[PDB]
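Single chain ahead, by itself, as structure tokens, in the form deposited in one PDB entry.
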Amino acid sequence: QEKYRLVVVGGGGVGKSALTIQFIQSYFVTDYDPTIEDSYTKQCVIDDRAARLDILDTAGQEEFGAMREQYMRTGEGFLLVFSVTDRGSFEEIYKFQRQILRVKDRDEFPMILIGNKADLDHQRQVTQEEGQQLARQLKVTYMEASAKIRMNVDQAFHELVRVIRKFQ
């Protein structure tokens, strides 16, 4: 009888939807269809403790920036996603962290930094050490993922739940 409202945020095209669809439906989307805001649910067992995960897949497009206050108010944990092949998305993810903490009026709040598209090994603009450094700056953990090859997809969501449980 436990549930978590998880929210996937980050800049446009970094793979928020591809990660979420791989997690929910176990298939990889090739087309890039920009999201306004989509919702999904999954029943999981994390550390032998069952939990329903209600996932909000949000807009990376600035056009829909005004919807952030609403979803940031109600989110219980956030996956901060950037693409390792897009340095702009890497430099911009801190803006999402700042807005979450401003809406929560808190110095810390459950989050994890995800460097997606790690399968694009020959196209990287951000090294693994750079992502780990940014995570330390933001006081969160770092995980690299690939929606394409389904690397660390379930793990990213499970780990966010673990972080949320430690904040309680």
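Sequential numbering from 1, following the sequence displayed.
- For the segment pair 50-58 and 128-136, the entry gives 128-136 the higher mean B-factor, averaged over Cα atoms.
- In this entry, the higher average B-factor at the C-alpha atoms falls on 143-151, of the pair 13-21 and 143-151.
- Comparing C-alpha B-factors across 116, 123, 99, 26 in the deposited entry, the largest value falls on 123.
- Residue-level inspection of the entry shows that, of 37, 105, 108, 63, 63 has the top Cα B-factor.
- The deposited CA B-factor of residue 93 belongs to the middle third of values across its chain.
- The entry lists a Cα temperature factor for residue 72 that places it in the middle third of the chain's modelled residues.
Same protein, other form: the form solved in complex with a partner chain, not shown, and the subject of what follows.
- The candidate spot formed by 91, 98 and 121 lies out of contact with its partner chain in the deposited complex, as no residue has a heavy atom within 4.5 Å of it.
- Within this chain, residue 125 is remote from the site of its partner chain in the deposited complex, having no heavy atom within 4.5 Å.
- In the deposited complex, its partner chain sits within 4.5 Å of a heavy atom belonging to residue 17.
- In the deposited complex, at least one heavy atom of residue 33 sits within 4.5 Å of a heavy atom of its partner chain.
- The closest heavy atom approach of residue 102 to its partner chain in the deposited complex falls outside 4.5 Å.
- For the residues 47, 63, 129, 69, the 4.5 Å heavy atom test against its partner chain in the deposited complex is passed only by 63.
- Residues placing heavy atoms within 4.5 Å of its partner chain in the deposited complex fall in a single listed stretch, namely 21-29, out of 6-14, 140-148, 153-161, 21-29.
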